[PDB]
Amino acid sequence: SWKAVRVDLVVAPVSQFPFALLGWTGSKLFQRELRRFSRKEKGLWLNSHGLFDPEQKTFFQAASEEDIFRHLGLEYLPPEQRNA
DNA sequence: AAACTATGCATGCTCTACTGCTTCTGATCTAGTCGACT
């Protein structure tokens, strides 16, 4: 007896770990809205690898996911509160 | 002394093979578009 269930594996270094976790934990709509807000309001580009500033060509790496929200001037939300 | 035949040379045509140069074809590869997923 056995059943087929899909599984997805993704790898990322420790430096890019918080960004990957944020991008792969939140909902699709939440990620879209966060990326749109980052691009429009603050002018920064957010993706699964890191946060980039077109003006200054320097990455905004961080050691935790809380810092990612803190940089964007946004109140932190737990994963359970990111549903859409 | 005369006729036949052995021996050789010069040349054109043809099969057969071999070496080298050039060109064509089969095989090994990056850009554009659509689509899948997350």
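Residues numbered from 1 in each chain as written, not as in the entry; some residues may be left out. Chains lettered and ligands numbered in written order. Part of a larger assembly, values for the part shown. Heavy atoms only, no water.

Structure determination for this PDB entry was carried out by cryo-EM, with a resolution of 2.8 Å recorded in the header.

As annotated in the PDB entry, chain A carries the name DNA-directed DNA/RNA polymerase mu and comes from Homo sapiens. Readers searching the PDB will find this entry under the title "A gap-filling complex with Pol mu engaged in the NHEJ Pathway".

Peer 1: Tell me about the protein's contact with DNA strand B, and please be specific about residues and values.
Peer 2: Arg 6, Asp 8 and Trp 24 make up every residue found near DNA strand B. The contact in question runs from a phosphate oxygen of DNA strand B to an N or O atom on the side chain of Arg 6, over 2.7 Å. (Near = heavy atom within 4 Å. Polar contact = N/O pair within 3.5 Å; in protein donor to acceptor, adjacent residues only side chain to side chain.)

Peer 1: Before we move on, can you summarise the side chain of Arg 82 with the specific residues and values?
Peer 2: Structurally, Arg 82 is set in the segment after helix 3 (65-71). Within the local environment of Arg 82, its side chain forms a polar contact with the backbone oxygen of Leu 77, the two atoms lying 2.7 Å apart. Here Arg 82 is in contact with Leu 22, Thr 25, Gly 26, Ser 27, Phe 30, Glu 65, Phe 69, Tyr 76 and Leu 77, once residues within four sequence places are set aside. (Helix = DSSP H or I, 4+ residues; strand = E, 2+ residues; numbered from the N terminus. Contact = heavy atoms within 4.5 Å.)

Peer 1: Provide a residue-level description of the pattern of salt bridges, including the pertinent values.
Peer 2: Taken as a whole and assessed by the stated rule, the structure comprises four salt bridges. For the salt bridge of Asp 67 with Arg 70, the shortest nitrogen-to-oxygen distance reads 3.9 Å. Of the two residues, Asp 67 and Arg 70 are both situated in helix 3; the distance of three residues between them amounts to about one turn of the helix. By relative accessible area, which is 23% here, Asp 67 ends up partly exposed. The class for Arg 70 is exposed, based on a relative accessible area of 51%. (Salt bridge = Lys/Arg side-chain N within 4 Å of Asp/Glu carboxyl O. Buried < 20%, exposed > 50% of the residue type's maximum accessible area, 1.4 Å probe, protein only.)

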